[PDB]
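Participant: First the structure, which I've put down as structure tokens, then a few questions once you've had a look.
Every read-out reported here was derived from the displayed coordinates using simple, explicitly stated rules and does not represent laboratory data. Quick reminder, even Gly has a Cβ in these numbers, built from the backbone with ideal geometry, and neighbours come from all protein chains shown.
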Amino acid sequence: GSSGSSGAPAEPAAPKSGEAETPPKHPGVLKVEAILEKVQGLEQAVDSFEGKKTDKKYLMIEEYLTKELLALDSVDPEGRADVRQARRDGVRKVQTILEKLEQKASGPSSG
């Protein structure tokens, strides 16, 4: 691999039933955003993880990561980009974390 670090934490949230004005957020998305929100936590561990691919600690994060994936897939977009994009994003995100974890365990590399 060659480097890997990027993001953009900037997403509003104000769900309510107030006619007129900007529309509410999509549930199909929030569903993912809800999971992702957690992922971030599993990520912080990775970025600050240490061990191997065998170590239990890793198994915890490893499983935890996937746990979210399934939750990301469990989401049925049916045919909504706003959702799909989020899904493919959330999934792609966690994935990157997994690919990083295994690496973090096999030894970090940044500096």
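Participant: Hey, could you check region 29-81 for residues that are part of a helix (DSSP H, G or I), in contact (Cβ under 8 Å) with a residue 24 or more places away in the chain and over 11 Å from the mean Cα position of the chain (by Cα) and say which is surrounded by the fewest Cβ atoms within 10 Å (Cβ to Cβ)?
Facilitator: From region 29-81, those part of a helix (DSSP H, G or I) are 29-47, 56-73, 81; that's our starting set.
Narrowing the set further to residues that are in contact (Cβ under 8 Å) with a residue 24 or more places away in the chain leaves 29, 31-33, 35-36, 38-39, 42-43, 46-47, 58, 61-62, 65-66, 68-69, 71-72.
Restricting the remaining residues to those that are over 11 Å from the mean Cα position of the chain (by Cα) gives 29, 31, 46-47, 58, 61-62.
Numbers: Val29: 22, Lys31: 20, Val46: 23, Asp47: 13, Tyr58: 21, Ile61: 22, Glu62: 20.
Checking each candidate, the answer is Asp47.
Participant: A further question follows. In region 23-48, what residues are of a type outside the set (D, E, K, R) and under 11 Å from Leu101 (Cα atoms)?
Facilitator: Going residue by residue through region 23-48, those that are of a type outside the set (D, E, K, R) are 23-24, 26-30, 32, 34-36, 39-42, 44-46, 48.
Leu42, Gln44, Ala45, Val46, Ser48 - these are the residues of region 23-48 that are of a type outside the set (D, E, K, R) and under 11 Å from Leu101 (Cα atoms).
Participant: Now, a different point. Can you go through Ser110, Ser6 and tell me which one is in a loop (DSSP other than H, G, I, E, B), free of Cβ contacts under 8 Å to residues at least 12 places away in the same chain and of a type in the set (S, T, N, Q)? Give the derivation first.
Facilitator: Numbers: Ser110 fails: free of Cβ contacts under 8 Å to residues at least 12 places away in the same chain.
One residue alone meets the criteria, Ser6.
Participant: Scan region 14-28 residue by residue and report those that are without any contact (Cβ under 8 Å) to a residue 12 or more places away in the chain and either over 23 Å from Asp89 (Cα atoms) or in a helix (DSSP H, G or I) (or both). Don't jump to the end; show me each part of the working.
Facilitator: Taking region 14-28 and keeping what is without any contact (Cβ under 8 Å) to a residue 12 or more places away in the chain, we get 14, 16-24, 27.
Residues satisfying the conditions are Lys16, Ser17, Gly18, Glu19, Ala20, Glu21, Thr22, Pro27.
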